[PDB]
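This document starts with one chain, in the form deposited in one PDB entry, laid out as structure tokens.
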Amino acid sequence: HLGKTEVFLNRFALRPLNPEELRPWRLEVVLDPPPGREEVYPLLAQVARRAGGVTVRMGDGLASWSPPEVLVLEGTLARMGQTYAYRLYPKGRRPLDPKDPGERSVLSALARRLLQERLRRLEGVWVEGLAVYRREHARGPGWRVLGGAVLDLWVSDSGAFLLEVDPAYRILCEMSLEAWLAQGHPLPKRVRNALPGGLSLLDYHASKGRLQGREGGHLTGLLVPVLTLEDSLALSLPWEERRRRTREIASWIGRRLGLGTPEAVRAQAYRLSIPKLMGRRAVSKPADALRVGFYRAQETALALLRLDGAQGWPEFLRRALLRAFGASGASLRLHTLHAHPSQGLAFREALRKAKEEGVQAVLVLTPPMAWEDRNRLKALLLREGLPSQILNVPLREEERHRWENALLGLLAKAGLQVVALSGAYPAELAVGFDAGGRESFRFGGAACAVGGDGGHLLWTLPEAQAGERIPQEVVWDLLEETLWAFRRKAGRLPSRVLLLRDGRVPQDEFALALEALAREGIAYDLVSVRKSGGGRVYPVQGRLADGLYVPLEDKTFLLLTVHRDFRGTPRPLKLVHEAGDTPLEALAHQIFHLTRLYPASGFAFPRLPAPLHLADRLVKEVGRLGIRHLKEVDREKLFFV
């Protein structure tokens, strides 16, 4: 779009596969008794993990880079309450082609096991899975921090080893929960180990043999505190230092594992166009809409609820709002609620009266509330159709970031459009889908930006579902609501929509929706947005920019949407064009620009495009509060930000 440059990925190309590696051994597996269908492939992979050596499951059999004579061919296996007796028959070598991706899967699996097994025999670094911690730079009062990197090893379509490296840290408590609590450290909110039925506490403990060595002390000397944020030292690295350590560790592991000499891979990068944020006029951040004016503001009524027991609006909030609305060319009406939650139903009555007099949202001035009470209050207001923005009461006028963000949140919750984009984009309706609020079940939800400008953010009623997969009919129904909204604002159907999915798109999840869209004459683009596994991106030379489009393979690409040096090293998004005919650069363009639409964050843009961020917040808040409160809440109002 702008300049096409160059980058490094945190992957490294090592030696190609020697002739022992291109033609892996084929092992036919025999179990006794023959398994059960749902439980076969995992059991088979378990067999591969039991024969030792570098072997993986190859379809209905096993593939091995290790000679069959240095594997435990015949063995016994326990699986969730069933004893299997396995035996492996070597059936020669089967040649695999890296160009064939289906077999490249197998080769890459073998590579991963290679990395694992070889990392096992490294003295004397700390090895957990494909991670390795090979130094210490931080200690503590009974806890130390190790420093290394998380790795991966796979094969390319060329047929050579590629090695992904990313600097990491490990938190290690070095004292038993007995000894640790004896040094003078507070109670850990979690603790990994190393009567109502006869056998007493001490008896059942010691007789279980769980007292052979350690002190007395559930127990105390029989567990270990898994320290987290509990017991500072920034574990975030500036991109430069991280890039360096990535190099160093790459070379080290390549050398100390007989994998060769690493060459940092270079990908072609493209600098994307600068988004045109707009309030009443051009802005650089949504917070500037409070001085410049709102993209679209009508006659609005906002109410105040003080729980700290005090007076009216603190003059700076009043004046800020007056500046914002005077600039937006709209009349403002501020109310004060003379009511309190301790009134019982009279409080809900107060809320009902407020709603009936046109109040669109309420600002809650209050000392730090507990999760319980905050939730109850939120939902209670919500049941009268009033979104609420909480602002903590120890609030001085100089804390401008906090209260300008609270104000922005308020305005966003009252149904105002605070910012918009001014450009040319392939889609004029962009909708994001996510599932969350998890537990025994999840909520599948959608949020949308309607119009080319994105000058309209809405949410749809989420739907309870068994897992992460959203039902096809639920997908099409939510999308239908987004469409219907678009037609309510534009008087027509959208020329083209952009479907964004948080995470990988399960098979045929969007089948129904895409068919419907196709019938109505609506062009679409389905894009899967994965927040991780995109690895890292570094400038081959020069400064690290913000707005990077890195087309990798076909239909997939990386996208660096946000970067600020002080926060650490940016993690690019991995995006897959799952369905559609729009060019990748155009989609990257639109998504990157959609990243700036989020109005509730006034001084920092989110990493995800606004509809996905909104969808995330939405399913979280719905899963947290409950869906039962949302019946009388307007969809133009972002109650969940």
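Just so we're on the same page, rigid core means the largest C-alpha set that superposes within 1.5 Å between forms. Residues carry their position along the shown sequence, with the first being 1.
Below, we refer to the form deposited in another entry, which is not included among the displayed structures.
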To test your reading of the superposition: with the rigid core aligned, which of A264, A301, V550, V224 moves its Cα by 2 angstroms or more between this form and the one not shown? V224
Rigid-core frame, C-alpha of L9, shift of 2 angstroms or more between this form and the one not shown: no
Does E439 count as moved between this form and the one not shown, where moved means a C-alpha shift of 2 angstroms or more after fitting the rigid core? yes
Post core alignment: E463 C-alpha displaced by 2 Å or more between this form and the one not shown: yes
Work out whether the Cα atoms of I470 and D525 come closer together or move farther apart in the other entry than they are in this form, the change being 3 angstroms or more. farther
Do the C-alpha atoms of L594 and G437 sit closer or farther apart in the other entry than they do here, given a shift of 3 Å or more? closer
